[PDB]
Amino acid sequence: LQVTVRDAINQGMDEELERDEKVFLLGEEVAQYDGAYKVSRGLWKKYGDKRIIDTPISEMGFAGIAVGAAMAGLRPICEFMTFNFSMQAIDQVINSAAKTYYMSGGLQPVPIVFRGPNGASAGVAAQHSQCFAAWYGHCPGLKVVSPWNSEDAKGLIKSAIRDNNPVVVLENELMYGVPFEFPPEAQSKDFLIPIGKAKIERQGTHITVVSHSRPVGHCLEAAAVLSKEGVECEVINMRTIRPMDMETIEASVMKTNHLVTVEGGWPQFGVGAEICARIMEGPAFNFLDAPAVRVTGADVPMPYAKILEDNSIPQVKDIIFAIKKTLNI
């Protein structure tokens, strides 16, 4: 059975709506339009105006209503049409949601989910290409996940809805239509993927390559290519950005002695920076036979013209090149 990332997320939301009438979905065009990228297709027809709510274009406002609905015990899924637009609402995400259970001394939980596509699209230019993983990962009181394939997406959405604290689910527009095979245990309405756990997507012994979201597939094509020359990459899909699963990255590095991180976001203070600093401060530092190095988006607002954009996002080539510098081959 092949299922696209978009359908995986949709199945996840459907199952959770069915399981718990406190769950509802709100955002721009989620209802009668069937979703801006069709993620919420069919949901309004099935659950009605009460559960699936089309909002005005008032991000701060509806993100805040959603947070308020969660404080009162409901369990909203608040969609941002892309994460670029959550900047107008980021006050509500951080100060009304992330910090509250703490400020209240554990009296006030906020079981809200924020979801939407994140990072780079194709030709949408600087205001619509921004990756927010490091921004949100920075904040205590949040959990932040960034799924890659269909399993990841369905299991993390469901974990997110089930969690009782604010969770930011950073999806990816270019992944929505990619089909994957979907083992019968993902098809289950009980399929959960725990937050805070990375997955090894490909065993290897020469180098550890860590990524999240769409570039994970690029690390897999790079590993397939390097493999024909005898170089075996252990490719790690982070899944969770906060709290990240560093332990799995450490065990891999003690085996391979080499680390390259790969991410689509801007480089400075980005996700790879944090993995490198951790690797350097943790028990695996000494096992490192070469500097940990970072593959990232180029450090520019995203340009429009095709050839500029291609050179603004990491490509398979760039991953391979960093891998070869690192293994000194």
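Each form is matched to the other, and the largest set of C-alpha atoms that superpose within 1.5 Å is called the rigid core. When you see a residue number, it is the position in the sequence shown, counting from 1.
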After fitting on the rigid core, which stretch moves more in 8 other deposited structures of this protein, 30-38 or 50-58, going by C-alpha RMS? 30-38
Comparing mean C-alpha B factor in the record for 253-261 and 175-183, the higher one is 175-183
Compare the mean C-alpha B-factor of 67-75 with that of 227-235 as given in the PDB entry, and name the stretch with the higher value. 227-235
State the tercile, meaning the lowest, middle or highest third, of residue 197 with respect to the CA B-factors recorded for its chain. highest
Lowest, middle or highest third - CA B-factor, residue 268: middle
Is the Cα B-factor recorded for residue 319 in the lowest, middle or highest third of its chain? middle
Please say which third, lowest, middle or highest, residue 147 falls into when its CA temperature factor is compared across its chain. highest
Ranking every modelled residue in this chain by its Cα temperature factor as given in the entry, which third contains residue 244? highest
